[PDB]
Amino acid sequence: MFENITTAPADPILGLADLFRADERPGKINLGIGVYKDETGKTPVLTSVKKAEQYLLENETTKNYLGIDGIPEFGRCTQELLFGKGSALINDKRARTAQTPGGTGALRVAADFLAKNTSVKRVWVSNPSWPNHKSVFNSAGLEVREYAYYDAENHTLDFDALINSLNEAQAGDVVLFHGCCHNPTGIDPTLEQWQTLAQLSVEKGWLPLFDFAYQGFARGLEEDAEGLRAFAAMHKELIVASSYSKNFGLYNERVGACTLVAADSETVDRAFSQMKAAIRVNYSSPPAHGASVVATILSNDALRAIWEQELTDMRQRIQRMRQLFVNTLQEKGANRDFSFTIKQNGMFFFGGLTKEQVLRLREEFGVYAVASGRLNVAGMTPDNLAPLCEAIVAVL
């Protein structure tokens, strides 16, 4: 039965891990997958997380199944983090949250839900966008269309082009937005541009779907959510797929959430029942450990204070490495100004390298990056910055 199966194409991002591993050269530098690394080049477990795990080990008395939607406390803390402590959405009980295996899991659940229970047939994603967005929605049988976003010449958000392209989007179509720290461009809409998009979305009748995987890495927890909150103030319905992989450093514990918002509690409850149905036939119920840690931290004033500072330190180290990256490039004699990367939010640097330059950096220098030219700044350290820049200058 498996004689004629074709070999699946490698993932453009996750597939780098296997290549980086096979490579046996000493000075190899991994700047691919978007995981945080400290000054030592390691991806440590946060202290707040380790303290929460200690707590769980000491107080957990059972591993009995969680409900389909997961830990209730986790859902409440998530909604407050997304919409604001005293949001009307929460008070009017218009939102339901399902704990999921990561933000990717959240996206898949959203996709299955839409495909089976609504008239949705098309999803619009930015150009360029996170590669797995097309793959996930296509798997659910939904077609994916792209809308203009990045101005490759000026390294900015081409708002006029964004508006023009989205006018081809029809009422009932889903439009996907990155909450903050757009992956891979690092360029986000200004608060006024978000407000304009919110208004346009209501009038055009689009169903907004936010992929919120970097809350806290642009400016701050609350600040990074203003675009989403601008949308939530005017929309009757919306879906949010968030992740705690990066801001809690819980990558492998698969911790995320899919939040559904409707006009009223009666409607969201009915709709959420079908979302639970979609979960039931996938993995049944979500993994407890990771989400337990998150709920424990967010609900304890002391632990939350430690975590928030750790998040702050992460964001600040990336920003520092960014300015240092640009400085070292000019010092090493780069024949191009990359100062535009200072305007980018998040962990990545994007827009200055071609596919061939990336391949050459890998083959000749052992520097690993995504074929699209996306570099993980969070993977840069004071120790590998010099050789990194010498390699880059060598391929320009």
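Note that residue numbering begins at 1 and tracks the sequence as displayed.
Taking the PDB entry as given, 22-30 carries the higher mean Cα B factor of the two stretches 22-30 and 52-60. The mean Cα B-factor in the deposited entry runs higher for 130-138 than for the other of 130-138 and 242-250. When the C-alpha B-factors of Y368, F340, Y36, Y65 are read from the PDB record, the largest value belongs to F340. Among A225, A277, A233, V109, the highest C-alpha B-factor in the deposited entry belongs to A233. Ranked within its chain, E356 lands in the middle third, by CA B factor from the PDB record. For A334, the recorded CA B-factor ranks within the highest third of the chain. Only modelled residues enter the ranking. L157 sits in the highest third of its chain by CA B factor, as recorded in the PDB entry. Ranked by C-alpha B-factor against the other modelled residues of its chain, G84 falls in the highest third. Residue-level temperature factors show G70 in the lowest third of its chain, judged at the C-alpha atom.
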